[PDB]
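A.B. asks: File follows, input.txt with compact mmCIF, C-alpha atoms and all ligand atoms:
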# COMPACT_ATOMS: atom_id res chain seq x y z
CA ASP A 88 -13.59 0.18 17.04
CA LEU A 89 -11.72 -2.67 15.36
CA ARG A 90 -10.77 -5.54 17.68
CA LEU A 91 -7.41 -7.31 17.66
CA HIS A 92 -7.15 -10.98 16.74
CA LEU A 93 -3.71 -12.55 16.88
CA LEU A 94 -3.25 -15.21 14.23
CA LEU A 95 -4.30 -18.67 15.39
CA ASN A 96 -1.37 -20.02 13.37
CA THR A 97 1.34 -18.66 15.67
CA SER A 98 4.08 -19.71 13.23
CA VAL A 99 3.08 -16.72 11.07
CA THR A 100 4.97 -14.05 12.96
CA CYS A 101 6.11 -10.48 13.19
CA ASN A 102 9.85 -9.83 12.93
CA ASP A 103 10.62 -10.91 16.50
CA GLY A 104 8.62 -14.15 16.38
CA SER A 105 5.55 -12.80 18.17
CA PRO A 106 2.29 -13.68 16.38
CA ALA A 107 1.07 -11.40 13.65
CA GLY A 108 -2.59 -10.43 13.64
CA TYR A 109 -5.37 -8.22 12.38
CA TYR A 110 -7.99 -5.82 13.73
CA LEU A 111 -11.57 -6.52 12.65
CA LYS A 112 -14.94 -4.81 12.79
CA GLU A 113 -17.63 -6.96 11.23
CA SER A 114 -20.65 -5.52 9.44
CA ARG A 115 -23.09 -8.40 9.20
CA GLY A 116 -25.23 -8.05 6.13
CA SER A 117 -22.41 -6.44 4.14
CA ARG A 118 -20.63 -8.64 1.63
CA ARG A 119 -17.84 -6.07 1.14
CA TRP A 120 -14.53 -6.66 2.90
CA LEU A 121 -11.77 -4.05 3.16
CA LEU A 122 -8.36 -5.41 4.18
CA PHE A 123 -5.92 -2.56 4.79
CA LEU A 124 -2.12 -2.99 4.87
CA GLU A 125 -0.31 -0.55 7.14
CA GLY A 126 2.92 1.04 5.94
CA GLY A 127 6.10 2.19 7.65
CA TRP A 128 9.28 1.87 5.52
CA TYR A 129 11.28 -1.40 5.92
CA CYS A 130 14.67 -2.63 7.09
CA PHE A 131 17.20 -4.56 5.04
CA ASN A 132 20.06 -5.86 7.21
CA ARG A 133 20.72 -6.92 10.79
CA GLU A 134 22.10 -3.53 11.82
CA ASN A 135 19.26 -1.40 10.47
CA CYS A 136 16.62 -3.88 11.67
CA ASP A 137 18.20 -3.83 15.15
CA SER A 138 17.86 -0.04 15.22
CA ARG A 139 14.23 -0.26 14.07
CA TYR A 140 13.64 -2.81 16.85
CA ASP A 141 14.86 -0.29 19.44
CA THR A 142 12.69 2.66 18.45
CA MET A 143 9.99 1.34 16.07
CA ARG A 144 9.21 -1.92 17.84
CA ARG A 145 5.46 -1.88 17.13
CA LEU A 146 6.49 -2.31 13.47
CA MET A 147 8.43 -5.47 14.40
CA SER A 148 6.41 -7.09 17.19
CA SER A 149 2.85 -7.57 18.44
CA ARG A 150 3.88 -7.71 22.09
CA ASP A 151 2.72 -4.13 22.75
CA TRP A 152 -0.22 -3.85 20.35
CA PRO A 153 -3.44 -2.41 21.81
CA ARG A 154 -6.57 -4.53 22.00
CA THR A 155 -8.51 -2.14 19.75
CA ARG A 156 -7.97 0.52 17.11
CA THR A 157 -10.29 3.22 15.77
CA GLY A 158 -11.07 2.92 12.07
CA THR A 159 -10.35 6.22 10.32
CA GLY A 160 -10.76 7.48 6.77
CA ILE A 161 -11.61 4.59 4.46
CA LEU A 162 -11.69 2.35 7.58
CA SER A 163 -14.34 4.53 9.28
CA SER A 164 -17.83 3.13 9.72
CA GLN A 165 -19.38 6.62 9.75
CA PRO A 166 -20.79 7.69 6.35
CA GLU A 167 -19.77 11.30 7.03
CA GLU A 168 -16.10 10.31 7.31
CA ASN A 169 -16.26 7.47 4.76
CA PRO A 170 -18.77 8.12 1.95
CA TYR A 171 -17.32 5.19 0.00
CA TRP A 172 -17.46 2.00 2.09
CA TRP A 173 -18.71 2.95 5.57
CA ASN A 174 -20.85 -0.20 5.85
CA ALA A 175 -18.09 -2.65 4.89
CA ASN A 176 -16.41 -5.26 7.03
CA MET A 177 -13.22 -3.49 8.13
CA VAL A 178 -9.82 -5.14 8.61
CA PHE A 179 -6.59 -3.35 9.59
CA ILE A 180 -3.51 -5.56 9.20
CA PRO A 181 -0.58 -4.13 11.19
CA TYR A 182 2.76 -4.00 9.40
CA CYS A 183 5.18 -5.94 11.60
CA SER A 184 7.39 -7.66 9.00
CA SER A 185 9.51 -4.69 7.75
CA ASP A 186 9.64 -6.29 4.27
CA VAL A 187 7.16 -4.24 2.19
CA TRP A 188 4.79 -7.21 2.68
CA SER A 189 7.02 -9.42 0.51
CA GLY A 190 8.71 -11.82 2.90
CA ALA A 191 8.32 -15.55 3.36
CA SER A 192 11.12 -16.39 5.83
CA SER A 193 10.82 -17.57 9.43
CA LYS A 194 13.04 -16.83 12.38
CA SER A 195 15.51 -19.69 12.70
CA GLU A 196 19.02 -20.65 13.79
CA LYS A 197 20.32 -18.57 10.86
CA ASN A 198 17.77 -15.70 10.97
CA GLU A 199 17.57 -13.18 13.81
CA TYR A 200 14.26 -11.91 12.38
CA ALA A 201 11.30 -13.39 10.54
CA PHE A 202 10.14 -11.63 7.37
CA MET A 203 6.69 -13.05 6.70
CA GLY A 204 4.63 -10.20 5.22
CA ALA A 205 3.37 -12.20 2.24
CA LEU A 206 2.43 -15.11 4.51
CA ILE A 207 0.74 -12.79 7.02
CA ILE A 208 -1.65 -11.59 4.31
CA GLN A 209 -2.35 -15.19 3.24
CA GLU A 210 -3.00 -16.30 6.82
CA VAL A 211 -5.25 -13.33 7.61
CA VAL A 212 -7.32 -14.13 4.53
CA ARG A 213 -7.56 -17.81 5.47
CA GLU A 214 -8.65 -17.09 9.04
CA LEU A 215 -11.20 -14.47 7.94
CA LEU A 216 -12.93 -16.99 5.66
CA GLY A 217 -14.30 -18.63 8.81
CA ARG A 218 -15.43 -15.24 10.15
CA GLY A 219 -17.66 -14.27 7.22
CA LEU A 220 -15.23 -13.63 4.35
CA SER A 221 -16.45 -16.85 2.71
CA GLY A 222 -19.67 -14.97 1.93
CA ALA A 223 -17.99 -11.90 0.43
CA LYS A 224 -18.74 -10.40 -2.97
CA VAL A 225 -15.75 -8.02 -3.02
CA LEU A 226 -12.45 -8.18 -1.14
CA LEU A 227 -10.64 -4.84 -1.51
CA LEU A 228 -7.00 -5.17 -0.51
CA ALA A 229 -5.92 -1.61 0.28
CA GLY A 230 -2.78 -0.17 1.82
CA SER A 231 -0.75 2.98 2.30
CA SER A 232 2.95 3.68 1.64
CA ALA A 233 4.85 0.38 2.09
CA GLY A 234 1.34 -1.11 2.40
CA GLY A 235 0.39 0.37 -0.96
CA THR A 236 3.38 -1.31 -2.57
CA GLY A 237 2.30 -4.39 -0.60
CA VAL A 238 -1.07 -4.29 -2.39
CA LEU A 239 0.70 -4.36 -5.76
CA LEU A 240 2.86 -7.28 -4.61
CA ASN A 241 0.05 -9.35 -3.09
CA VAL A 242 -3.34 -8.64 -4.71
CA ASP A 243 -3.00 -11.33 -7.39
CA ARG A 244 -1.75 -13.85 -4.83
CA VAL A 245 -4.85 -13.25 -2.69
CA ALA A 246 -6.98 -13.74 -5.80
CA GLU A 247 -5.17 -17.01 -6.59
CA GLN A 248 -5.41 -18.19 -2.98
CA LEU A 249 -9.18 -17.71 -2.92
CA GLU A 250 -9.56 -19.47 -6.28
CA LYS A 251 -7.51 -22.43 -5.06
CA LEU A 252 -9.41 -22.59 -1.75
CA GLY A 253 -12.71 -22.86 -3.65
CA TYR A 254 -14.10 -19.30 -3.50
CA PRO A 255 -14.23 -18.17 -7.16
CA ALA A 256 -17.12 -15.75 -6.51
CA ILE A 257 -15.12 -13.35 -4.34
CA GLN A 258 -13.92 -10.46 -6.53
CA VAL A 259 -10.44 -9.44 -5.35
CA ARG A 260 -9.40 -5.85 -6.09
CA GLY A 261 -6.55 -3.60 -4.99
CA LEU A 262 -6.28 -0.02 -3.77
CA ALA A 263 -2.63 1.09 -3.65
CA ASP A 264 -2.17 4.43 -1.83
CA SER A 265 1.20 6.22 -1.82
CA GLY A 266 3.03 3.06 -2.92
CA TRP A 267 3.79 3.99 -6.56
CA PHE A 268 7.47 4.97 -6.61
CA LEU A 269 9.95 5.90 -9.32
CA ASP A 270 13.44 4.37 -9.49
CA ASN A 271 14.77 7.75 -10.62
CA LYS A 272 18.05 9.59 -10.11
CA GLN A 273 18.44 11.43 -6.82
CA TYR A 274 18.61 15.22 -6.85
CA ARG A 275 21.89 14.87 -4.91
CA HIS A 276 23.63 11.50 -4.88
CA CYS A 285 20.91 3.11 0.62
CA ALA A 286 19.09 4.13 -2.58
CA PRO A 287 15.64 2.61 -3.32
CA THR A 288 16.85 0.10 -5.90
CA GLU A 289 19.87 -1.06 -3.88
CA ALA A 290 17.95 -1.18 -0.59
CA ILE A 291 15.17 -3.26 -2.16
CA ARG A 292 17.70 -5.57 -3.84
CA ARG A 293 19.40 -6.19 -0.49
CA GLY A 294 16.04 -6.49 1.26
CA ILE A 295 14.70 -9.19 -1.08
CA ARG A 296 17.68 -11.41 -0.30
CA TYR A 297 17.52 -10.67 3.44
CA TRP A 298 13.75 -11.28 3.58
CA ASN A 299 13.45 -14.10 1.04
CA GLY A 300 11.10 -11.66 -0.65
CA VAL A 301 8.57 -12.78 -3.23
CA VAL A 302 7.04 -10.86 -6.13
CA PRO A 303 4.07 -11.54 -8.43
CA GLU A 304 4.68 -14.42 -10.82
CA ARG A 305 4.20 -12.70 -14.18
CA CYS A 306 6.44 -9.82 -13.15
CA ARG A 307 9.04 -12.28 -11.83
CA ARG A 308 9.00 -14.12 -15.17
CA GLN A 309 9.62 -10.88 -17.07
CA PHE A 310 12.53 -9.61 -15.00
CA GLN A 311 13.97 -13.02 -13.98
CA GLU A 312 16.42 -14.06 -11.27
CA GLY A 313 18.32 -11.30 -9.52
CA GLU A 314 16.07 -8.60 -11.01
CA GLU A 315 12.95 -9.08 -8.89
CA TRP A 316 13.51 -5.65 -7.27
CA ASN A 317 11.93 -4.21 -10.43
CA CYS A 318 8.57 -5.58 -9.31
CA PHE A 319 8.53 -3.24 -6.28
CA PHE A 320 8.07 -0.31 -8.68
CA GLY A 321 4.41 0.32 -9.53
CA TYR A 322 4.86 1.26 -13.16
CA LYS A 323 6.69 -2.04 -13.80
CA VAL A 324 4.54 -4.45 -11.77
CA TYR A 325 1.10 -2.93 -12.44
CA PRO A 326 0.84 -3.94 -16.15
CA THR A 327 1.46 -7.57 -15.13
CA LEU A 328 -1.46 -7.70 -12.66
CA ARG A 329 -4.81 -9.32 -13.42
CA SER A 330 -6.86 -7.98 -10.51
CA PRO A 331 -8.37 -4.49 -10.84
CA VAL A 332 -6.15 -2.00 -8.98
CA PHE A 333 -6.98 1.64 -8.22
CA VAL A 334 -3.81 3.73 -7.76
CA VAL A 335 -3.75 6.74 -5.41
CA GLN A 336 -0.50 8.70 -5.59
CA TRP A 337 0.48 12.26 -4.81
CA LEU A 338 2.52 13.57 -7.72
CA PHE A 339 5.07 14.96 -5.24
CA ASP A 340 4.99 12.29 -2.57
CA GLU A 341 7.17 13.20 0.41
CA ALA A 342 8.65 9.69 0.62
CA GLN A 343 9.64 9.91 -3.05
CA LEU A 344 11.27 13.29 -2.44
CA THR A 345 13.04 11.92 0.66
CA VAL A 346 14.61 9.01 -1.22
CA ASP A 347 15.51 11.53 -3.94
CA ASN A 348 17.38 13.69 -1.37
CA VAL A 349 15.02 16.67 -1.80
CA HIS A 350 14.09 18.78 1.23
CA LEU A 351 12.02 21.95 0.84
CA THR A 352 12.95 24.26 3.72
CA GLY A 353 10.89 27.28 2.69
CA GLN A 354 13.89 29.07 1.15
CA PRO A 355 13.52 30.03 -2.54
CA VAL A 356 13.84 27.14 -4.97
CA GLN A 357 16.48 27.65 -7.62
CA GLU A 358 16.37 26.51 -11.23
CA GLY A 359 18.01 23.09 -10.86
CA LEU A 360 15.63 21.98 -8.11
CA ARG A 361 12.64 23.56 -9.84
CA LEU A 362 13.39 21.57 -12.99
CA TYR A 363 13.97 18.42 -10.92
CA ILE A 364 10.59 18.72 -9.15
CA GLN A 365 8.70 19.58 -12.35
CA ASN A 366 10.24 16.62 -14.15
CA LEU A 367 9.37 14.29 -11.26
CA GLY A 368 5.72 15.31 -11.49
CA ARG A 369 5.78 14.90 -15.27
CA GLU A 370 7.33 11.43 -14.93
CA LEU A 371 4.78 10.32 -12.35
CA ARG A 372 1.93 11.60 -14.53
CA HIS A 373 3.40 9.74 -17.50
CA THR A 374 3.47 6.44 -15.58
CA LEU A 375 -0.24 6.87 -14.75
CA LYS A 376 -1.38 7.69 -18.30
CA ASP A 377 -2.47 4.08 -18.92
CA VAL A 378 -3.77 3.38 -15.39
CA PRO A 379 -7.55 3.74 -15.91
CA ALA A 380 -8.45 3.85 -12.19
CA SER A 381 -6.22 6.42 -10.52
CA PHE A 382 -6.27 9.52 -8.31
CA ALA A 383 -3.07 11.58 -8.48
CA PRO A 384 -3.26 15.12 -7.08
CA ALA A 385 -0.48 17.65 -7.57
CA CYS A 386 0.42 17.94 -3.88
CA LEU A 387 3.47 17.56 -1.69
CA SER A 388 2.12 15.19 0.98
CA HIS A 389 2.20 11.60 2.23
CA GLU A 390 -0.55 8.93 2.34
CA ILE A 391 -4.26 9.65 2.11
CA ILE A 392 -6.71 6.90 2.61
CA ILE A 393 -6.88 6.32 6.41
CA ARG A 394 -6.77 9.95 7.50
CA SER A 395 -10.04 11.38 8.75
CA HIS A 396 -10.08 14.27 6.24
CA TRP A 397 -9.32 12.07 3.22
CA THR A 398 -12.61 13.32 1.73
CA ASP A 399 -11.33 16.86 1.18
CA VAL A 400 -8.94 16.56 -1.78
CA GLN A 401 -10.39 16.74 -5.27
CA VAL A 402 -8.98 16.32 -8.77
CA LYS A 403 -10.96 18.00 -11.56
CA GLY A 404 -13.75 18.53 -9.01
CA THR A 405 -14.01 14.85 -7.94
CA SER A 406 -13.07 13.54 -4.50
CA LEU A 407 -11.35 10.21 -3.89
CA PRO A 408 -14.41 8.62 -2.22
CA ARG A 409 -16.41 9.61 -5.30
CA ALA A 410 -13.77 8.21 -7.67
CA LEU A 411 -13.73 4.94 -5.72
CA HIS A 412 -17.53 4.76 -5.91
CA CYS A 413 -17.31 5.37 -9.67
CA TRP A 414 -14.74 2.57 -9.86
CA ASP A 415 -17.20 0.24 -8.08
CA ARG A 416 -19.84 1.16 -10.65
CA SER A 417 -17.39 0.56 -13.52
CA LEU A 418 -16.80 -2.99 -12.25
CA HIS A 419 -20.49 -3.93 -12.25
CA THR A 427 -17.43 2.36 -21.39
CA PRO A 428 -17.09 5.43 -19.15
CA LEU A 429 -19.80 6.71 -16.83
CA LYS A 430 -21.51 10.08 -17.24
CA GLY A 431 -20.35 12.38 -14.44
CA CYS A 432 -18.54 9.54 -12.59
CA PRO A 433 -14.86 9.55 -13.58
CA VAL A 434 -12.26 7.07 -12.42
CA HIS A 435 -9.06 8.42 -14.06
CA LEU A 436 -8.14 11.60 -12.17
CA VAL A 437 -4.56 12.82 -12.63
CA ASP A 438 -3.63 16.46 -12.14
CA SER A 439 -1.85 18.14 -15.03
CA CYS A 440 -0.60 21.23 -13.25
CA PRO A 441 3.15 21.07 -12.66
CA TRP A 442 3.98 22.31 -9.12
CA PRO A 443 2.98 21.16 -5.62
CA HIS A 444 -0.21 22.82 -4.38
CA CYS A 445 -1.25 24.02 -7.83
CA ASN A 446 -4.35 22.02 -6.88
CA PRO A 447 -6.11 24.28 -4.33
CA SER A 448 -7.55 21.28 -2.45
CA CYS A 449 -4.17 19.86 -1.42
CA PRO A 450 -3.81 19.08 2.30
CA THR A 451 -2.77 22.04 4.44
CA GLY A 452 -0.17 19.99 6.31
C1 LIG A 501 10.47 0.74 -3.26
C2 LIG A 501 9.87 1.43 -2.03
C3 LIG A 501 9.02 0.73 -1.19
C4 LIG A 501 8.48 1.36 -0.07
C5 LIG A 501 8.79 2.68 0.20
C6 LIG A 501 8.19 3.40 1.40
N1 LIG A 501 7.36 2.82 2.46
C7 LIG A 501 6.99 3.85 3.36
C8 LIG A 501 6.25 3.67 4.44
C9 LIG A 501 5.68 4.74 5.39
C10 LIG A 501 6.24 5.93 5.81
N2 LIG A 501 5.40 6.51 6.64
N3 LIG A 501 4.30 5.73 6.80
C11 LIG A 501 3.15 6.01 7.63
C12 LIG A 501 4.45 4.65 6.05
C13 LIG A 501 7.60 5.12 2.84
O1 LIG A 501 7.51 6.19 3.32
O2 LIG A 501 8.31 4.81 1.66
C14 LIG A 501 9.63 3.38 -0.66
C15 LIG A 501 10.17 2.75 -1.77
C16 LIG A 501 11.10 3.53 -2.70
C1 LIG A 502 0.94 -22.18 9.61
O1 LIG A 502 1.75 -21.31 8.80
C2 LIG A 502 2.90 -21.95 8.23
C3 LIG A 502 3.68 -20.87 7.51
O2 LIG A 502 2.96 -20.38 6.39
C4 LIG A 502 2.46 -23.08 7.32
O3 LIG A 502 3.60 -23.75 6.81
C5 LIG A 502 1.58 -24.06 8.08
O4 LIG A 502 1.04 -25.02 7.18
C6 LIG A 502 0.42 -23.33 8.75
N1 LIG A 502 -0.37 -24.26 9.55
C7 LIG A 502 -1.68 -24.45 9.36
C8 LIG A 502 -2.34 -25.45 10.27
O5 LIG A 502 -2.31 -23.84 8.50
Kindly present the structure from the file in structure tokens form.

C.D. replies:
Amino acid sequence: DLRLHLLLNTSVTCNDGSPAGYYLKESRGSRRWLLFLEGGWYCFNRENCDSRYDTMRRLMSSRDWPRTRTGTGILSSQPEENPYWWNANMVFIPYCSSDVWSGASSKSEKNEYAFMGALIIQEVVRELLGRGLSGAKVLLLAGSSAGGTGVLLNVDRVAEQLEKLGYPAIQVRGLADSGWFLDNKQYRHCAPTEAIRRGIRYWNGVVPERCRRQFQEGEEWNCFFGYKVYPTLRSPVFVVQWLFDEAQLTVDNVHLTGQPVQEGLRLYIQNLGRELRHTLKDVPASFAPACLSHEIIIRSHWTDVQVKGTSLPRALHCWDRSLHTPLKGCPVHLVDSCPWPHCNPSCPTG
């Protein structure tokens, strides 16, 4: 199990002002550290955050967090469940800031909620340095869904933080799972771009510096979209993305209720998969199966899906080798080309 530590700096808080924190399982003798960012959508105004506080309070508060959590999938310490990094130091960072890990605003006289996701990551890293992270060779910042977008938004800041703190030997890398979204037109016409734009102002949200300099003031929402922020990043980032991610379809107002799919929706879905595949063409480390699903890396059966005969744990291992010219039998760019969900036979059964 991973054990809860609430942040010693209690000014770095979840939405309701309770301390943020992290769950840790150390593996002495390993110099690999996996820091995983939980997902869970976001909220962007007082009214929708108040509703989230009523019925999704664990995503806004640490007051009810359990003392331990079981590491699953890529956070498992069992080689059978985690062929990739089972011996690593494991860190699960709960998502309690509702800001896609972008916020740097405290609760105050003018703010009902604190949005501190970017500062939570920074503070977790700082406190871990005294618990063995100072001796690390690789820090893999991973995350799923909103946490996967959080990786894209924060990996270079973690790298810069460690450089400035005097740890230039720690190699910071990112693993963004299910956080690579398209700002596309809905199938039927709140929306991702508008919600993010409102969120950034409400959260005092921050984006990576090079991306911010490209898009400039008022346009920072662009940096929440993988295909726009990824080319600006310096740290190596492996992108895991279902071609037909359920969250993407949800924001696109697509719901597949078994009934036969007619031409307009068929074309819409096929073009979405084509667009996603296009955005990954120049992402050398990627795993993008043609499945309708959501998230992958912390589920216990994450080992089962394969693209072109290669599983994600294998692809991640090949990526590790590449970061020591392509490797014989050890590919890292794995994007399905077939055009309809479940054309890959290894897709999750749901
Ligand atoms: C720009 C953007 C940023 C984040 C999301 C997003 N974050 C999610 C978190 C989630 C849901 N379930 N779980 C376990 C986690 C999500 O589904 O979509 C979507 C967009 C368009
Ligand atoms: C605690 O966190 C706040 C917010 O990031 C920061 O301003 C402050 O310097 C931190 N305190 C210490 C002792 O690190």

A.B. asks: Residues up to 12 Å from ligand LIG 502 (chain A), counting all atoms listed in the file: could you list those as a PyMOL selection string?

C.D. replies: chain A and resi 94-100+106-107+190-194+201-214

A.B. asks: Take the selection from the previous step and output its residues with C-alpha atoms, as a PDB file, keeping the file's coordinate frame.

C.D. replies:
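Printed below is out_10.pdb as written:
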ATOM      1  CA  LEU A  94      -3.250 -15.210  14.230  1.00  0.00           C
ATOM      2  CA  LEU A  95      -4.300 -18.670  15.390  1.00  0.00           C
ATOM      3  CA  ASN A  96      -1.370 -20.020  13.370  1.00  0.00           C
ATOM      4  CA  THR A  97       1.340 -18.660  15.670  1.00  0.00           C
ATOM      5  CA  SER A  98       4.080 -19.710  13.230  1.00  0.00           C
ATOM      6  CA  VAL A  99       3.080 -16.720  11.070  1.00  0.00           C
ATOM      7  CA  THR A 100       4.970 -14.050  12.960  1.00  0.00           C
ATOM      8  CA  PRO A 106       2.290 -13.680  16.380  1.00  0.00           C
ATOM      9  CA  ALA A 107       1.070 -11.400  13.650  1.00  0.00           C
ATOM     10  CA  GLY A 190       8.710 -11.820   2.900  1.00  0.00           C
ATOM     11  CA  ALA A 191       8.320 -15.550   3.360  1.00  0.00           C
ATOM     12  CA  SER A 192      11.120 -16.390   5.830  1.00  0.00           C
ATOM     13  CA  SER A 193      10.820 -17.570   9.430  1.00  0.00           C
ATOM     14  CA  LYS A 194      13.040 -16.830  12.380  1.00  0.00           C
ATOM     15  CA  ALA A 201      11.300 -13.390  10.540  1.00  0.00           C
ATOM     16  CA  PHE A 202      10.140 -11.630   7.370  1.00  0.00           C
ATOM     17  CA  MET A 203       6.690 -13.050   6.700  1.00  0.00           C
ATOM     18  CA  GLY A 204       4.630 -10.200   5.220  1.00  0.00           C
ATOM     19  CA  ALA A 205       3.370 -12.200   2.240  1.00  0.00           C
ATOM     20  CA  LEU A 206       2.430 -15.110   4.510  1.00  0.00           C
ATOM     21  CA  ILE A 207       0.740 -12.790   7.020  1.00  0.00           C
ATOM     22  CA  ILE A 208      -1.650 -11.590   4.310  1.00  0.00           C
ATOM     23  CA  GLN A 209      -2.350 -15.190   3.240  1.00  0.00           C
ATOM     24  CA  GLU A 210      -3.000 -16.300   6.820  1.00  0.00           C
ATOM     25  CA  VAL A 211      -5.250 -13.330   7.610  1.00  0.00           C
ATOM     26  CA  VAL A 212      -7.320 -14.130   4.530  1.00  0.00           C
ATOM     27  CA  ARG A 213      -7.560 -17.810   5.470  1.00  0.00           C
ATOM     28  CA  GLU A 214      -8.650 -17.090   9.040  1.00  0.00           C
TER      29      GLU A 214
END

A.B. asks: Could you list, with a cut-off of 9 Å and counting all atoms listed in the file, the residues of chain A near ligand LIG 501 (chain A), each shown with its nearest atom pair and the distance in Å rounded to one decimal, rows sorted by chain and ascending number, as JSON lines?

C.D. replies:
{"residue": "A:125", "atom": "CA", "partner": "A:LIG501", "partner_atom": "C12", "distance": 7.1}
{"residue": "A:126", "atom": "CA", "partner": "A:LIG501", "partner_atom": "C12", "distance": 3.9}
{"residue": "A:127", "atom": "CA", "partner": "A:LIG501", "partner_atom": "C12", "distance": 3.4}
{"residue": "A:128", "atom": "CA", "partner": "A:LIG501", "partner_atom": "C8", "distance": 3.7}
{"residue": "A:129", "atom": "CA", "partner": "A:LIG501", "partner_atom": "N1", "distance": 6.7}
{"residue": "A:186", "atom": "CA", "partner": "A:LIG501", "partner_atom": "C4", "distance": 8.9}
{"residue": "A:187", "atom": "CA", "partner": "A:LIG501", "partner_atom": "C4", "distance": 6.2}
{"residue": "A:231", "atom": "CA", "partner": "A:LIG501", "partner_atom": "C12", "distance": 6.6}
{"residue": "A:232", "atom": "CA", "partner": "A:LIG501", "partner_atom": "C8", "distance": 4.3}
{"residue": "A:233", "atom": "CA", "partner": "A:LIG501", "partner_atom": "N1", "distance": 3.5}
{"residue": "A:234", "atom": "CA", "partner": "A:LIG501", "partner_atom": "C8", "distance": 7.1}
{"residue": "A:235", "atom": "CA", "partner": "A:LIG501", "partner_atom": "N1", "distance": 8.1}
{"residue": "A:236", "atom": "CA", "partner": "A:LIG501", "partner_atom": "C3", "distance": 6.2}
{"residue": "A:237", "atom": "CA", "partner": "A:LIG501", "partner_atom": "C4", "distance": 8.5}
{"residue": "A:265", "atom": "CA", "partner": "A:LIG501", "partner_atom": "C13", "distance": 8.0}
{"residue": "A:266", "atom": "CA", "partner": "A:LIG501", "partner_atom": "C4", "distance": 6.4}
{"residue": "A:267", "atom": "CA", "partner": "A:LIG501", "partner_atom": "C2", "distance": 8.0}
{"residue": "A:268", "atom": "CA", "partner": "A:LIG501", "partner_atom": "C16", "distance": 5.5}
{"residue": "A:269", "atom": "CA", "partner": "A:LIG501", "partner_atom": "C16", "distance": 7.1}
{"residue": "A:270", "atom": "CA", "partner": "A:LIG501", "partner_atom": "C16", "distance": 7.2}
{"residue": "A:286", "atom": "CA", "partner": "A:LIG501", "partner_atom": "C16", "distance": 8.0}
{"residue": "A:287", "atom": "CA", "partner": "A:LIG501", "partner_atom": "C16", "distance": 4.7}
{"residue": "A:288", "atom": "CA", "partner": "A:LIG501", "partner_atom": "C1", "distance": 6.9}
{"residue": "A:290", "atom": "CA", "partner": "A:LIG501", "partner_atom": "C1", "distance": 8.2}
{"residue": "A:291", "atom": "CA", "partner": "A:LIG501", "partner_atom": "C1", "distance": 6.3}
{"residue": "A:316", "atom": "CA", "partner": "A:LIG501", "partner_atom": "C1", "distance": 8.1}
{"residue": "A:317", "atom": "CA", "partner": "A:LIG501", "partner_atom": "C1", "distance": 8.8}
{"residue": "A:318", "atom": "CA", "partner": "A:LIG501", "partner_atom": "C1", "distance": 9.0}
{"residue": "A:319", "atom": "CA", "partner": "A:LIG501", "partner_atom": "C1", "distance": 5.4}
{"residue": "A:320", "atom": "CA", "partner": "A:LIG501", "partner_atom": "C1", "distance": 6.0}
{"residue": "A:321", "atom": "CA", "partner": "A:LIG501", "partner_atom": "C1", "distance": 8.7}
{"residue": "A:340", "atom": "CA", "partner": "A:LIG501", "partner_atom": "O1", "distance": 8.8}
{"residue": "A:341", "atom": "CA", "partner": "A:LIG501", "partner_atom": "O1", "distance": 7.6}
{"residue": "A:342", "atom": "CA", "partner": "A:LIG501", "partner_atom": "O1", "distance": 4.6}
{"residue": "A:343", "atom": "CA", "partner": "A:LIG501", "partner_atom": "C16", "distance": 6.6}
{"residue": "A:345", "atom": "CA", "partner": "A:LIG501", "partner_atom": "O1", "distance": 8.4}
{"residue": "A:346", "atom": "CA", "partner": "A:LIG501", "partner_atom": "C16", "distance": 6.7}
{"residue": "A:389", "atom": "CA", "partner": "A:LIG501", "partner_atom": "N2", "distance": 7.5}
{"residue": "A:390", "atom": "CA", "partner": "A:LIG501", "partner_atom": "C11", "distance": 7.1}

A.B. asks: Between atom CA of residue 114 of chain A and atom CA of residue 408 of chain A, measure the distance and give it in Å to one decimal.

C.D. replies: 19.4 Å

A.B. asks: What does the structure give for the distance between atom CA of residue 143 of chain A and atom CA of residue 303 of chain A, in Å to one decimal?

C.D. replies: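 Those two atoms sit 28.3 Å apart.
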
A.B. asks: Could you state the separation of atom CA of residue 333 of chain A and atom CA of residue 262 of chain A in Å, given to one decimal place?

C.D. replies: 4.8 Å

A.B. asks: Go through A:241, A:249, A:428, A:385 one by one, measure the shortest atom-to-atom distance of each to residue 261 of chain A using all atoms listed in the file, and give the residue with the smallest value.

C.D. replies: A:241

A.B. asks: Can you work out which one of A:89, A:410, A:101, A:259 has the shortest atom-to-atom distance to residue 154 of chain A, counting all atoms listed in the file?

C.D. replies: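 Counting all atoms listed in the file, the residue closest to residue 154 of chain A is A:89.
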
A.B. asks: Compile the contact shell of segment 306-311 of chain A as a list in words: residues with an atom at most 9 Å away, counting only C-alpha atoms, same-chain residues fewer than 5 positions apart removed.

C.D. replies: residues 301, 316, 317, 318, 323, 324, 325, 326, 327 and 328 of chain A

A.B. asks: What lies within 6 Å of residue 109 of chain A using all atoms listed in the file, ignoring chain neighbours under 2 positions off, as a PDB file with C-alpha atoms, in the coordinates of the input?

C.D. replies:
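The resulting selection-v1.pdb:
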ATOM      1  CA  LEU A  91      -7.410  -7.310  17.660  1.00  0.00           C
ATOM      2  CA  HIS A  92      -7.150 -10.980  16.740  1.00  0.00           C
ATOM      3  CA  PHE A 179      -6.590  -3.350   9.590  1.00  0.00           C
ATOM      4  CA  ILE A 180      -3.510  -5.560   9.200  1.00  0.00           C
TER       5      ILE A 180
END

A.B. asks: Find, counting only C-alpha atoms, the residue in A:151, A:134, A:264, A:88 that gets nearest to residue 105 of chain A.

C.D. replies: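 Among the listed residues, A:151 lies closest to residue 105 of chain A.
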